[PDB]
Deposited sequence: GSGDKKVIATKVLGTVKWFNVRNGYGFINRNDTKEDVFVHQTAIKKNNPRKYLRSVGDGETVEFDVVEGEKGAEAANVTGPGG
């Protein structure tokens, strides 16, 4: 729930619509960050596409770092 970073840019590595999650690779540190469908801002509402550039916050989830408030750049 704690915000670790804000307005981070990254590239969607993959996002699986069957399982409802994927990973975004941060452009600043080159680390993958977990992203759940519920963390994506508005059929497949709340999805992102592989290869897309997104902007997001990084928070500390139960299981480590995850994306929050995932939107288009800007």
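Stretches of the deposited sequence left without coordinates are 1-4, 47-50, 83, in sequence order.
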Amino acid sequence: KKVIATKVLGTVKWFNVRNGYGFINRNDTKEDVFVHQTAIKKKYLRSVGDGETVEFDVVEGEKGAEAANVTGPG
From here on, numbers count along this sequence of modelled residues.
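What we label the rigid core is the largest C-alpha set whose atoms superpose within 1.5 Å from one form to the other.
Once the rigid core is used to overlay the structures in 6 other deposited structures of this protein, the stretch among 55-63 and 6-14 whose CA atoms lie farther from this form is 55-63. Compared with other entries of the same protein, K43 falls in the group left without coordinates by at least a third of them, where both flanks are modelled. Per the PDB record, of the two stretches 63-71 and 4-12, 63-71 carries the greater mean B-factor over its C-alpha atoms. Comparing 53-61 with 21-29, the stretch with the higher mean C-alpha B-factor in the PDB entry is 53-61.
Looking at the C-alpha B-factors along this chain, the one for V48 belongs to the middle third.
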